[PDB]
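Accompanying notes for the structure given below.
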Amino acid sequence: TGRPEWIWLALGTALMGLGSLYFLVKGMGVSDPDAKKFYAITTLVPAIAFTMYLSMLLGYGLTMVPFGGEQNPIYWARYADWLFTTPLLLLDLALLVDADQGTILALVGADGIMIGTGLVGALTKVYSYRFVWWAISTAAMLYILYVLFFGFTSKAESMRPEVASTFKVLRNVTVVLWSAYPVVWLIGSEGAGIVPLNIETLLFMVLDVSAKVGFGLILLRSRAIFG
Ligand SMILES: *C/C=C(C)/C=C/C=C(C)/C=C/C1=C(C)CCCC1(C)C
C-alpha cells in the first residue's frame with residue numbers, strides 16, 4: 001500500500017512499544033503496592049497505543065469517509081486507542097491527588113463523550129456537521145481540563161509538595177498536549193484538510209508519544225507514586 005504516513009506510524013509503534021516495556025520491566029521490580037497501582041496503569045497506556053499504531057501500520061483502522069466532494073482517509077483506529085488511554089491517564093492524575101470517586105466518574109464520563117463524539121464527527125458525511133460533533137467533543141475536553149486545573153490542583157494541596165509538584169508538571173504537560181489535539185483535527189484530515197495526512201500523522205505521533213511515554217517517564221521516575 002505504501003502510504004506517506006507509514007513511517008510516522010512505524011515510529012509511533014516503536015516508541016510506544018519500547019516505552020511500555022521499560023515501564024513493565026520497572027513496574028515488576030517495585031514492591032510498594034501503591035507504586036504498583038501507578039506502574040500497571042502507566043504501562044497499559046502505551047501498550048494499548050502500540051497495538052493500535054501497529055494495526056494502523058499494518059493497514060487496519062483506516063476508512064474512506066465521503067465529504068467535501070472527496071473520499072477522505074480517516075484513521076478510526078485512533079479513537080479505539082484514546083477511548084481507553086485517555087481515561088487511564090486521567091485515572092493516574094486522580095490517584096495522585098486522591099480525587100473523590102464522583103470526580104473520577106464524572107472525568108471518565110466526560111472523556112467517553114469527547115472520544116465518542118470525536119469519532120462520530122470524524123465519521124460524519126455532511127461536512128458542516130463534522131464540526132458540530134467536533135465542537136461538542138472539544139467542550140467535553142475543556143470540561144476535563146477545567147477540572148484538572150481548578151479541581152485537582154486544589155486537592156494536590158492536601159498532598160506533600162513532592163506529590164503536589166509532580167502533579168503540577170503532569171497537569172501542565174496534559175493541558176498543553178490535549179489542547180493541541182482539537183486544533184490538529186480541525187486543520188487536518190478530519191477537518192479543513194489543510195494539513196496533509198502524512199504531516200497530520202506526524203503531529204499526532206508526537207502528541208501521543210509525549211502524552212503517554214513522556215507523561216509515564218515523568219510520573220514513574222517520581223517518588224510521589226509511593227504509598
Ligand atoms: C494518548 C492520547 C492522548 C493524551 C489523547 C488525547 C486526545 C485528545 C485530547 C483528543 C481530543 C479531541 C477533541 C477535543 C475533539 C476532536 C477529536 C479528538 C478526539 C481528536
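Letters A, B, ... mark the chains of the C-alpha cells in the order given; residue numbers begin at 1 per chain; ligand numbers begin at 1, in order shown.
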
Backbone-only DSSP, strand (DSSP E) members of chain A, as number ranges by chain: A: 62-67, 70-75

Could you please extract the residues within 8 Å of ligand 1, counting only C-alpha atoms and all ligand atoms, and hand them back as a ChimeraX atom specification? /A:45-46,49,79,81-82,85-86,89,114-119,121-122,133-142,174,177-182,184-186,207-209,211-212

If we count only C-alpha atoms, what is near residue 96 of chain A at a cut-off of 9 Å, once residues fewer than 6 positions away on the same chain are taken out, given as a PDB file with N, CA and C atoms, in the first residue's frame?
ATOM      1  N   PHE A  38       0.118   2.640  40.080  1.00  0.00           N
ATOM      2  CA  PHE A  38       0.582   3.570  39.050  1.00  0.00           C
ATOM      3  C   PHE A  38       1.367   2.910  37.903  1.00  0.00           C
ATOM      4  N   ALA A 156      -4.332  18.514  45.230  1.00  0.00           N
ATOM      5  CA  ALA A 156      -2.934  18.181  45.351  1.00  0.00           C
ATOM      6  C   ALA A 156      -2.308  19.069  46.449  1.00  0.00           C
ATOM      7  N   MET A 159      -1.715  17.180  49.690  1.00  0.00           N
ATOM      8  CA  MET A 159      -0.580  16.291  49.480  1.00  0.00           C
ATOM      9  C   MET A 159       0.694  17.014  49.846  1.00  0.00           C
ATOM     10  N   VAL A 163       4.644  15.495  45.916  1.00  0.00           N
ATOM     11  CA  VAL A 163       3.469  14.986  45.209  1.00  0.00           C
ATOM     12  C   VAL A 163       2.725  16.112  44.473  1.00  0.00           C
ATOM     13  N   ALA A 164       2.568  17.261  45.130  1.00  0.00           N
ATOM     14  CA  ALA A 164       1.899  18.390  44.510  1.00  0.00           C
ATOM     15  C   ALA A 164       2.753  18.904  43.342  1.00  0.00           C
ATOM     16  N   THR A 166       4.828  17.086  41.474  1.00  0.00           N
ATOM     17  CA  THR A 166       4.833  16.088  40.386  1.00  0.00           C
ATOM     18  C   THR A 166       3.512  16.209  39.605  1.00  0.00           C
ATOM     19  N   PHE A 167       2.427  16.434  40.348  1.00  0.00           N
ATOM     20  CA  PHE A 167       1.108  16.585  39.756  1.00  0.00           C
ATOM     21  C   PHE A 167       1.026  17.835  38.865  1.00  0.00           C
ATOM     22  N   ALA A 224       6.451  10.390  44.286  1.00  0.00           N
ATOM     23  CA  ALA A 224       5.041  10.632  44.613  1.00  0.00           C
ATOM     24  C   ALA A 224       4.141   9.389  44.471  1.00  0.00           C
ATOM     25  N   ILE A 225       4.611   8.399  43.694  1.00  0.00           N
ATOM     26  CA  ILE A 225       3.873   7.159  43.433  1.00  0.00           C
ATOM     27  C   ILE A 225       3.856   6.202  44.620  1.00  0.00           C
TER      28      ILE A 225
END

Mind listing the alpha helix (DSSP H) residues of segment 18-192 of chain A, per DSSP on the backbone, as a ChimeraX atom specification? /A:18-27,33-57,77-97,101-123,127-146,153-155,161-187

Could you pull the residues within 12 Å of residue 25 of chain A, counting only C-alpha atoms, minus those fewer than 2 positions along the same chain, as an NGL selection string? :A and (18-23 or 27-30 or 36 or 39-40 or 43 or 220)

Would you save the residues of that selection, restricted to N, CA and C atoms, as a short mmCIF file (atom, residue, chain, number, x, y, z; two decimals), in the first residue's frame?
data_model
loop_
_atom_site.label_atom_id
_atom_site.label_comp_id
_atom_site.auth_asym_id
_atom_site.auth_seq_id
_atom_site.Cartn_x
_atom_site.Cartn_y
_atom_site.Cartn_z
N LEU A 18 8.67 0.28 23.06
CA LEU A 18 9.82 0.43 23.93
C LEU A 18 9.40 1.04 25.26
N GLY A 19 8.64 2.14 25.22
CA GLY A 19 8.19 2.80 26.44
C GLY A 19 7.41 1.87 27.35
N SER A 20 6.49 1.11 26.79
CA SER A 20 5.67 0.18 27.55
C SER A 20 6.52 -0.86 28.29
N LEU A 21 7.45 -1.45 27.55
CA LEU A 21 8.38 -2.48 28.02
C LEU A 21 9.18 -2.05 29.22
N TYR A 22 9.79 -0.88 29.08
CA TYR A 22 10.60 -0.30 30.13
C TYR A 22 9.71 -0.04 31.36
N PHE A 23 8.45 0.36 31.13
CA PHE A 23 7.57 0.61 32.26
C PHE A 23 7.25 -0.73 32.92
N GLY A 27 8.11 -1.71 36.51
CA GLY A 27 6.96 -1.97 37.36
C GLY A 27 7.02 -3.30 38.10
N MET A 28 7.58 -4.33 37.49
CA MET A 28 7.63 -5.66 38.14
C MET A 28 8.77 -5.90 39.12
N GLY A 29 9.57 -4.86 39.33
CA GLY A 29 10.66 -4.95 40.26
C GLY A 29 10.25 -4.23 41.54
N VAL A 30 9.42 -3.20 41.41
CA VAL A 30 8.93 -2.44 42.57
C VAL A 30 8.04 -3.34 43.44
N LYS A 36 2.79 0.11 42.56
CA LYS A 36 2.30 -0.93 41.65
C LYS A 36 1.08 -0.43 40.87
N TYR A 39 2.27 1.99 38.22
CA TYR A 39 3.03 1.32 37.19
C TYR A 39 2.18 0.51 36.20
N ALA A 40 1.16 -0.18 36.70
CA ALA A 40 0.28 -1.01 35.87
C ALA A 40 -0.60 -0.16 34.97
N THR A 43 1.82 1.52 32.23
CA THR A 43 2.45 0.65 31.28
C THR A 43 1.37 0.29 30.28
N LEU A 220 6.63 7.94 36.69
CA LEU A 220 7.27 6.76 37.27
C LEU A 220 8.62 7.00 37.83
#

Contacts between segment 53-77 of chain A and segment 189-220 of chain A, please, where a residue of segment 189-220 of chain A counts if it comes within 12 Å (with only C-alpha atoms); show its shortest atom pair and distance in Å to one decimal, rows by chain and ascending number, as a tab-separated table.
residue	atom	partner	partner_atom	distance
A:189	CA	A:74	CA	7.0
A:190	CA	A:74	CA	6.5
A:191	CA	A:68	CA	10.0
A:192	CA	A:68	CA	9.4
A:193	CA	A:72	CA	9.1
A:196	CA	A:73	CA	10.4
A:197	CA	A:73	CA	8.1
A:198	CA	A:73	CA	11.1
A:200	CA	A:75	CA	10.9
A:201	CA	A:75	CA	9.4
A:204	CA	A:53	CA	11.0
A:205	CA	A:53	CA	9.1
A:208	CA	A:53	CA	10.5
A:209	CA	A:53	CA	11.0

I need the chosen residues saved as a JSON list (two decimals), in the first residue's frame, with C-alpha atoms.
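Result written to out.json:
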[["chain", "number", "residue", "atom", "x", "y", "z"],
["A", 189, "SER", "CA", -7.75, 15.25, 7.50],
["A", 190, "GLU", "CA", -10.94, 15.03, 9.62],
["A", 191, "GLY", "CA", -11.45, 18.78, 9.32],
["A", 192, "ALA", "CA", -10.40, 21.51, 6.92],
["A", 193, "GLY", "CA", -7.98, 19.21, 5.11],
["A", 196, "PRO", "CA", -1.99, 16.59, 4.83],
["A", 197, "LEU", "CA", -2.36, 13.14, 6.46],
["A", 198, "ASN", "CA", 1.41, 12.41, 6.49],
["A", 200, "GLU", "CA", -1.01, 15.16, 10.36],
["A", 201, "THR", "CA", 0.13, 11.66, 11.40],
["A", 204, "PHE", "CA", -0.45, 13.04, 16.32],
["A", 205, "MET", "CA", 2.52, 10.68, 16.88],
["A", 208, "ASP", "CA", 0.63, 10.73, 21.62],
["A", 209, "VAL", "CA", 4.19, 9.68, 22.50]]

So that I can see what lies close to residue 108 of chain A, please list as an NGL selection string the residues with an atom at most 12 Å from it, counting only C-alpha atoms and leaving out residues fewer than 3 positions away in the same chain. :A and (82-94 or 101-105 or 111-115 or 140-141 or 143-144 or 147)
